[PDB]
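Asker: Below you will find the structure I want to go over with you.
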Amino acid sequence: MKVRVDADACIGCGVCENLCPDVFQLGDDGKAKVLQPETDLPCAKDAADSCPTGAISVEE
Ligand code: SF4
């Protein structure tokens, strides 16, 4: 549900870390990309309609 990550798109907003620490989180450089690849958790279903950078792409 999130194999293609979009970095240049992400805009350090804070819509993933809140979602779920499994795949939706952040780093120290600020860039908020994907941490988990095949995030199967139930929090990325909504992450699709949440993350404004639609960076967690489902290439599942
Ligand atoms: S929710 Fe999406 S746009 Fe917001 S910080 Fe996380 S990855 Fe970046």
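Going by what the header records, the deposited coordinates were determined by solution NMR.
Cβ coordinates come from backbone N, Cα and C, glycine included.
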Asker: In Swiss-Prot, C43 is disulphide-linked to which residue out of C20, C51?
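Answerer: Out of the candidates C20, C51, the one Swiss-Prot links to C43 is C20.
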Asker: About how far apart, in whole Å, are the alpha carbons (Cα) of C51 ([4Fe-4S] cluster binding site) and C43 (disulfide bond)?
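Answerer: Pair distance, Cα basis, whole Å: 11 Å.
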Asker: So around the [4Fe-4S] cluster site, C10, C13, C16, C51 aside, which residues have their CB within 8 A of the centroid of those CB atoms?
Answerer: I11, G12, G14, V15, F24, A32, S50, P52, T53, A55, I56
Asker: For the recorded positions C10, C13, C16, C20, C43, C51, which sit with their CB under 6 angstroms from an atom of ligand 1?
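Answerer: Listed by sequence, the hits are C10, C13, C16, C51.
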